[PDB]
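Notes for the one structure printed next.
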Amino acid sequence: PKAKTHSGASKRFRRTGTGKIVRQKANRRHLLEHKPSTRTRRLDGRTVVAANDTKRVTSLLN
Amino acid sequence: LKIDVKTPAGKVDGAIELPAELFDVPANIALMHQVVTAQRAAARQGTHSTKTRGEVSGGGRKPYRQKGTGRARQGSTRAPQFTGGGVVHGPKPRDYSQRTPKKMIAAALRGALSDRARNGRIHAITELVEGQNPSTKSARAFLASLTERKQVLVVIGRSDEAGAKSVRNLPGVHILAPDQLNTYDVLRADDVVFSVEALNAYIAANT
Amino acid sequence: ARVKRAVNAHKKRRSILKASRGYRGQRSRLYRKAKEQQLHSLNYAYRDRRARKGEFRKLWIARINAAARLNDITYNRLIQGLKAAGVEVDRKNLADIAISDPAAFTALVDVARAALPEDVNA
Amino acid sequence: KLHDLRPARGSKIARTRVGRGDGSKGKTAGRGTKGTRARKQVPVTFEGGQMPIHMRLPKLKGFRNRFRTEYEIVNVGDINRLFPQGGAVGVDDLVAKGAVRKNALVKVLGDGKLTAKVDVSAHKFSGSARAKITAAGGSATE
RNA sequence: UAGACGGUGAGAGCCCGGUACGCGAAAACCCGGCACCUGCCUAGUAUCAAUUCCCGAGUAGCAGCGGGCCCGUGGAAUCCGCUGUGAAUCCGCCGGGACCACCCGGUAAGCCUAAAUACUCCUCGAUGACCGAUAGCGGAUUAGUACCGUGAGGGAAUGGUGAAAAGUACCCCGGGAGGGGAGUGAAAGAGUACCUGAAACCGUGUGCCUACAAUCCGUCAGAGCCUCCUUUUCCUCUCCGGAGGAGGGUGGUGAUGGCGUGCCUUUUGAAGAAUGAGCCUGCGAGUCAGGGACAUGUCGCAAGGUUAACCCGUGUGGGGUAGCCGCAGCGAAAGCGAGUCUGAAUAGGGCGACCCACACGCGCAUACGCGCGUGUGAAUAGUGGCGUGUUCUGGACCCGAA
RNA sequence: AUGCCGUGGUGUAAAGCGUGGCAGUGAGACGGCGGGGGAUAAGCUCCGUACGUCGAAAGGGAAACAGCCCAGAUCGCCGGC
RNA sequence: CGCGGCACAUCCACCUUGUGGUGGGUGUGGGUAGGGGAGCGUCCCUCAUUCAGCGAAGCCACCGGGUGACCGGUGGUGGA
């Protein structure tokens, strides 16, 4: 009767001004001693969703 | 573009200039098709009922247990495949109507009217009465003398003295007020009859 | 709108049985049993037209052999000779000649014998 | 008339009846397997064996304010082409043209060459908007 | 102002019952006008001071264990109930999301309150792009009957003669039933076992094959008989015919030879000694609601488009801008804004801008194209409706567990 | 030796790549060539090969025969190689 | 290979020189799950047209027809 949006998807993915979806990488909240600042630079940012699963995600958010 | 017919029990009256809405419109049959189909769809009542499992009495018993019977996996006596059973994916009472844009409806209607006008099928009248009382006989003679066709659509307005009375009992003749002017009727009827008052209100409404 | 699907069934049903006449037992009486047999019948016809072609070749060849051996020559040498002469004549009508006119057949044999080179050397 | 009336080519594609034989689609005609799919449509969320991508990934940082008084946008270039004559500008005129939503305050962009010398009745102009407005010779309100 | 359905011996405006339309109430009863009847009121308004008193008591609030509120005890508001403690009467009290202060709104702990709204066992009228007797409720027929069960409960199948009964008088077989001859009837190919009368099935007659031969039971070759039939020697009996025969050709039978391991399901793999089907008839499984969502074809408009609810109106037409998507995005947000963010700066980098076959003026360049204004017409769009395919939630392709 | 990445010519209706929509498969067997487990074993079993075939491919031949050999049926022909 | 008939892509020339078709040539055309495209038939509604108690539908047989899902015609039964 009326759609629902997967909440966790809405709380993890952000649609941009155009047809793209980004992921906040944050494998950096538990343990950070052995991880160098280099690896944290690699993880830091909001990368684009891989095209091997955008076709699923867009229906998860819509 | 600007033509009128004679008057019943009189001479001639009219001479009203018609705008482009009733003549210079290149009507699109896909549009007209969509609108008309929507109309016949909405006219359907949606009483197409049925009855299935859960509405049929009984059938909760599960006889003929699942081993040593030599029988099928029954499970219920009112299941589809058993006679006296329910219906699968049956005609549930759909209430439906193809809701469309006002622009599409209006364009289709003025398009069809412009086709009738281009083909010389407009009969603009001033009134239709032997003064006050109705006369099926008189209207029959007048309309049969003017249009010479079977199917006629009449537009009068809220005037029941003879406008909405003489036309009854006339196979193929329908009558309505402008505000209820659909397209199915117009496309069906050839010789479309309009009252002066009908054109005045209609044209004014459509500028 | 209940449609009562019988008519659509009856069309192909009777259409099949009237073509099924001639089979034995239930094969010419029951739809579901007749249908199966026609599947195999038509596959058989499908391959058997091709077989028919080949079998007729074999019968024609055999009869040619008989006439040739009555004329003291084998099929191998007969055909080789006809090729050397250039006699582009089929085996079908060659056999018909071999029956309705042995004399002309023998004449063709003499042509082939003349056309053969000499022996089994080259 | 109706006996001529027909539809446009390309619409009204035939409904695909599925379980109606082998010549059309098949005996299973779509659920062409024997696992779960032959009985049930599978949750798109559920992967099947591993931690879903939702749980796997981190929660997107940040929050949403309740008191986010969002303003609408009026592009000064759009003002240029909409009102080359100048004359008068205001909320009512912009919504009368339909370039901006109603019942809300509007900001002005620095996007576009403005030549029409006209005062603008609006709120929260950007610095570039004021520079363009006074370069043409108009004036901002508030 | 009667063409609504229906009935009447085959399809009725004018044959009928009826409809349109217009009449019609002793007695009862709902609403409604009037009278009686009933009932409230011998003014508290204006002004001022605030020393006095009141303004809902085992109540609120607080603490404890819970419900429910988007809100699962979390920092947990307000509301409700339970147990102990237990306030105030306007300089008061409650609330405004722990909480304090200021500000604001309002005065709980007594009661009554029509309208908009929900449902139709049941009673008139009406419709139906709903079935038409294995369907519709199970119930058109002795129906919740018969019947099953100690019982709670379960829970069947059976419609059609013909317009009219005109129901085959009479006669003959026969114990009768039943049949026959007459006869009614348009028809008995309409006889209570009755419109049409399918298929499996049983049976009679008849053309062909068959008792020395092994194969999913056929196909292809294919002899010779039999039915039918054209041309023709000929029967010249010929103003008749095809008798017969040759030859030719439809439709059967098919001697005899070759060839060939049944369908489906499921399986790496099947004719199966792997499963299911005795045969026929009927029924039986991918559909529907939602201004759902992604993509698509096509059709309206055109930086727009679109209305929902509800109103008016009669065939589903016109209104109705509240609202939604698009229109500028980035950023956690403030806030900034064609940039923005991180950041000391950002040189860099993340999201999004603007891609020229190119002229005028002009920096750059031998030529090749970069750029600011105007332009050789330079690059352009969503939205709404109807179908298609998919999908979410709805029993969701269907049947069946314990 | 093969095999693989990349480049420059040549040849081939065309395959490929990226981008969206809708499915299946996600148990594989045998044979040829190289390998481990097993005994120098098995119609055994686990891998590899831009090796095929069956699977999903009828036909010929191997007596009959899914997997080997040849050979990839549009349909018809009482035509040839 | 030969002799002939259909079909999809493509090349060429014409009709709107791909709306969609017309004429010729090359290559192509085994195929399950499965994707795509175009189709056959039944019942109902609307519009137009139209046969029908001088015999409709359904059913039986017969002769023909299309590349297919199938069709038409003739005769009989029956009677809307």
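Going by the structure tokens order, chains are called A, B, ..., each with residues numbered from 1, while ligands are numbered from 1 in the order shown.
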Taking a cut-off of 12 Å and counting only C-alpha atoms (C1' of nucleotides), can you build a table that, for each residue of chain D near chain G, reports the nearest atom pair and how far apart they are in Å (one decimal), sorted by chain then residue number, as JSON lines?
{"residue": "D:1", "atom": "CA", "partner": "G:47", "partner_atom": "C1'", "distance": 8.2}
{"residue": "D:2", "atom": "CA", "partner": "G:47", "partner_atom": "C1'", "distance": 5.5}
{"residue": "D:3", "atom": "CA", "partner": "G:47", "partner_atom": "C1'", "distance": 5.5}
{"residue": "D:4", "atom": "CA", "partner": "G:48", "partner_atom": "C1'", "distance": 9.1}
{"residue": "D:5", "atom": "CA", "partner": "G:47", "partner_atom": "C1'", "distance": 9.5}
{"residue": "D:6", "atom": "CA", "partner": "G:47", "partner_atom": "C1'", "distance": 11.9}
{"residue": "D:9", "atom": "CA", "partner": "G:19", "partner_atom": "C1'", "distance": 10.5}
{"residue": "D:13", "atom": "CA", "partner": "G:38", "partner_atom": "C1'", "distance": 11.1}
{"residue": "D:14", "atom": "CA", "partner": "G:38", "partner_atom": "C1'", "distance": 10.6}
{"residue": "D:21", "atom": "CA", "partner": "G:69", "partner_atom": "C1'", "distance": 11.7}
{"residue": "D:22", "atom": "CA", "partner": "G:32", "partner_atom": "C1'", "distance": 11.5}
{"residue": "D:23", "atom": "CA", "partner": "G:69", "partner_atom": "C1'", "distance": 9.2}
{"residue": "D:24", "atom": "CA", "partner": "G:39", "partner_atom": "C1'", "distance": 10.5}
{"residue": "D:25", "atom": "CA", "partner": "G:34", "partner_atom": "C1'", "distance": 9.2}
{"residue": "D:26", "atom": "CA", "partner": "G:33", "partner_atom": "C1'", "distance": 9.4}
{"residue": "D:27", "atom": "CA", "partner": "G:33", "partner_atom": "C1'", "distance": 10.6}
{"residue": "D:28", "atom": "CA", "partner": "G:33", "partner_atom": "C1'", "distance": 9.4}
{"residue": "D:29", "atom": "CA", "partner": "G:34", "partner_atom": "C1'", "distance": 8.9}
{"residue": "D:30", "atom": "CA", "partner": "G:34", "partner_atom": "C1'", "distance": 8.0}
{"residue": "D:31", "atom": "CA", "partner": "G:33", "partner_atom": "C1'", "distance": 9.5}
{"residue": "D:32", "atom": "CA", "partner": "G:33", "partner_atom": "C1'", "distance": 5.9}
{"residue": "D:33", "atom": "CA", "partner": "G:33", "partner_atom": "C1'", "distance": 7.7}
{"residue": "D:34", "atom": "CA", "partner": "G:33", "partner_atom": "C1'", "distance": 10.9}
File dump, residues just selected, C-alpha atoms, as a compact mmCIF listing (two decimals), in the first residue's frame:
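As a result, result_26.txt now contains:
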# COMPACT_ATOMS: atom_id res chain seq x y z
CA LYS D 1 -15.59 8.10 -35.09
CA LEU D 2 -15.22 5.10 -32.80
CA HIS D 3 -15.03 2.65 -35.66
CA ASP D 4 -11.92 4.56 -36.82
CA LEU D 5 -10.61 5.38 -33.34
CA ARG D 6 -7.47 3.42 -32.53
CA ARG D 9 1.74 2.33 -31.94
CA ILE D 13 1.89 -4.42 -25.09
CA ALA D 14 0.40 -7.88 -24.68
CA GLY D 21 2.38 -23.67 -22.09
CA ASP D 22 5.79 -24.28 -23.52
CA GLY D 23 5.30 -22.32 -26.68
CA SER D 24 4.79 -19.17 -24.67
CA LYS D 25 7.15 -19.39 -21.72
CA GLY D 26 7.36 -22.77 -19.99
CA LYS D 27 6.01 -25.09 -17.36
CA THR D 28 7.77 -23.21 -14.58
CA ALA D 29 7.95 -20.11 -16.76
CA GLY D 30 10.14 -17.85 -14.64
CA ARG D 31 11.00 -19.59 -11.38
CA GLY D 32 13.32 -21.82 -13.33
CA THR D 33 15.10 -23.44 -10.43
CA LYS D 34 14.21 -25.69 -7.50
Quick one: which residues from chain C are at most 10 Å off chain F, using only C-alpha atoms (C1' of nucleotides), as a compact mmCIF listing (two decimals) with N, CA and C atoms, in the first residue's frame?
# COMPACT_ATOMS: atom_id res chain seq x y z
N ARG C 47 12.41 -38.66 -40.40
CA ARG C 47 13.67 -39.27 -40.78
C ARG C 47 13.50 -40.25 -41.94
N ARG C 52 13.99 -43.10 -47.08
CA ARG C 52 13.32 -43.52 -48.30
C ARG C 52 14.16 -43.18 -49.51
N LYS C 53 14.66 -41.95 -49.54
CA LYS C 53 15.57 -41.56 -50.61
C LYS C 53 16.76 -42.51 -50.72
N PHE C 56 15.83 -46.12 -51.89
CA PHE C 56 15.56 -46.22 -53.31
C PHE C 56 16.86 -46.21 -54.09
N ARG C 57 17.84 -45.42 -53.64
CA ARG C 57 19.15 -45.50 -54.29
C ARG C 57 19.69 -46.92 -54.22
N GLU C 88 26.47 -38.33 -67.79
CA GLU C 88 25.83 -37.81 -66.57
C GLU C 88 24.38 -38.27 -66.54
N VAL C 89 24.20 -39.56 -66.26
CA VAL C 89 22.89 -40.19 -66.20
C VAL C 89 22.71 -40.79 -64.82
N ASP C 90 21.51 -40.62 -64.26
CA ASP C 90 21.29 -41.08 -62.91
C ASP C 90 21.10 -42.58 -62.86
N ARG C 91 21.08 -43.08 -61.63
CA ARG C 91 20.96 -44.50 -61.41
C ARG C 91 19.51 -44.94 -61.51
N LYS C 92 18.60 -44.03 -61.18
CA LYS C 92 17.17 -44.28 -61.29
C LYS C 92 16.77 -44.65 -62.71
N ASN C 93 17.06 -43.77 -63.65
CA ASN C 93 16.65 -44.00 -65.02
C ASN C 93 17.56 -45.01 -65.67
Practice item. At a cut-off of 8 Å, list the chain B residues touching chain D, using only C-alpha atoms, as an MDAnalysis selection string. Key: chainID B and resid 29:30 32:34 187:188
Residue subset to file, keeping N, CA and C atoms, as a CSV table (one decimal), in the first residue's frame:
chain,number,residue,atom,x,y,z
B,29,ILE,N,-5.9,11.2,-32.3
B,29,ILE,CA,-6.7,10.0,-31.9
B,29,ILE,C,-6.2,9.2,-30.8
B,30,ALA,N,-4.9,9.3,-30.5
B,30,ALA,CA,-4.4,8.5,-29.4
B,30,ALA,C,-4.9,9.2,-28.1
B,32,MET,N,-7.7,11.0,-27.9
B,32,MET,CA,-9.1,10.7,-27.8
B,32,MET,C,-9.4,9.3,-27.4
B,33,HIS,N,-8.5,8.4,-27.8
B,33,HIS,CA,-8.7,7.0,-27.5
B,33,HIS,C,-8.5,6.7,-26.0
B,34,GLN,N,-7.4,7.3,-25.5
B,34,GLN,CA,-7.1,7.2,-24.0
B,34,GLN,C,-8.2,7.7,-23.2
B,187,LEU,N,-18.3,11.6,-29.9
B,187,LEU,CA,-17.7,10.8,-31.0
B,187,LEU,C,-18.7,9.8,-31.5
B,188,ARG,N,-19.6,9.4,-30.7
B,188,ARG,CA,-20.7,8.5,-31.2
B,188,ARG,C,-21.7,9.2,-32.1
List every residue of chain B that has an atom at most 6 Å from any atom of chain E, and for each one report the closest atom pair and its distance in Å to one decimal, counting only C-alpha atoms (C1' of nucleotides), with rows sorted by chain and then by increasing residue number, as a Markdown table.
| residue | atom | partner | partner_atom | distance |
| --- | --- | --- | --- | --- |
| B:48 | CA | E:130 | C1' | 4.8 |
| B:73 | CA | E:400 | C1' | 5.0 |
| B:81 | CA | E:284 | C1' | 4.7 |
| B:89 | CA | E:287 | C1' | 5.1 |
| B:100 | CA | E:385 | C1' | 5.3 |
| B:104 | CA | E:300 | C1' | 5.7 |
| B:169 | CA | E:3 | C1' | 5.0 |
| B:179 | CA | E:317 | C1' | 5.6 |
| B:180 | CA | E:317 | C1' | 4.2 |
Write a file of the selected residues as a JSON list (two decimals), in the first residue's frame, keeping N, CA and C atoms.
[["chain", "number", "residue", "atom", "x", "y", "z"],
["B", 48, "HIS", "N", -18.00, -6.99, -9.75],
["B", 48, "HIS", "CA", -17.47, -8.26, -10.21],
["B", 48, "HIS", "C", -16.91, -8.95, -8.98],
["B", 73, "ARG", "N", -2.91, -36.03, -0.62],
["B", 73, "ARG", "CA", -2.63, -35.08, 0.45],
["B", 73, "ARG", "C", -3.75, -34.05, 0.44],
["B", 81, "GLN", "N", -9.02, -27.30, -6.06],
["B", 81, "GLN", "CA", -9.11, -28.44, -6.94],
["B", 81, "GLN", "C", -10.24, -29.37, -6.57],
["B", 89, "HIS", "N", -7.26, -16.52, -7.23],
["B", 89, "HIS", "CA", -6.99, -15.26, -7.91],
["B", 89, "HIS", "C", -8.21, -14.79, -8.69],
["B", 100, "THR", "N", -7.30, 10.94, -15.22],
["B", 100, "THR", "CA", -6.48, 11.64, -16.21],
["B", 100, "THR", "C", -6.34, 13.15, -16.03],
["B", 104, "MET", "N", -5.80, 16.84, -20.98],
["B", 104, "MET", "CA", -6.05, 15.77, -21.94],
["B", 104, "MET", "C", -7.53, 15.67, -22.24],
["B", 169, "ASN", "N", -37.41, 9.07, -25.61],
["B", 169, "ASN", "CA", -38.09, 8.05, -26.37],
["B", 169, "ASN", "C", -37.68, 8.06, -27.83],
["B", 179, "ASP", "N", -21.81, 21.21, -18.88],
["B", 179, "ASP", "CA", -20.88, 20.86, -17.82],
["B", 179, "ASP", "C", -20.65, 19.37, -17.74],
["B", 180, "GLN", "N", -21.56, 18.58, -18.29],
["B", 180, "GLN", "CA", -21.46, 17.13, -18.32],
["B", 180, "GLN", "C", -21.12, 16.64, -19.72]]
Practice item. Do a neighbour search on residue 112 in chain B at 7 Å with only C-alpha atoms (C1' of nucleotides), toss out local chain neighbours closer than 4 positions, and write the hits as an MDAnalysis selection string. Key: chainID B and resid 27 108 116 187
Residue selection dump (N, CA, C and O atoms) as a CSV table (one decimal), in the first residue's frame:
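Once everything was written out, this is again.csv:
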chain,number,residue,atom,x,y,z
B,27,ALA,N,-7.0,17.4,-33.9
B,27,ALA,CA,-7.3,16.3,-32.9
B,27,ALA,C,-6.4,15.1,-33.1
B,27,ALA,O,-6.1,14.7,-34.2
B,108,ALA,N,-9.1,16.6,-26.0
B,108,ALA,CA,-9.8,15.6,-26.7
B,108,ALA,C,-11.2,16.1,-27.1
B,108,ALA,O,-11.6,15.9,-28.3
B,116,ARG,N,-16.3,17.6,-35.9
B,116,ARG,CA,-17.7,17.7,-36.3
B,116,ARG,C,-18.0,19.0,-37.0
B,116,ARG,O,-18.6,19.0,-38.1
B,187,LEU,N,-18.3,11.6,-29.9
B,187,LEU,CA,-17.7,10.8,-31.0
B,187,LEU,C,-18.7,9.8,-31.5
B,187,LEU,O,-18.6,9.4,-32.7
**Study point:** chain D: residues DSSP assigns to helix (DSSP H, G or I), reported as a ChimeraX atom specification
**Key:** /D:36-38,53-56,76-82,91-97,127-136
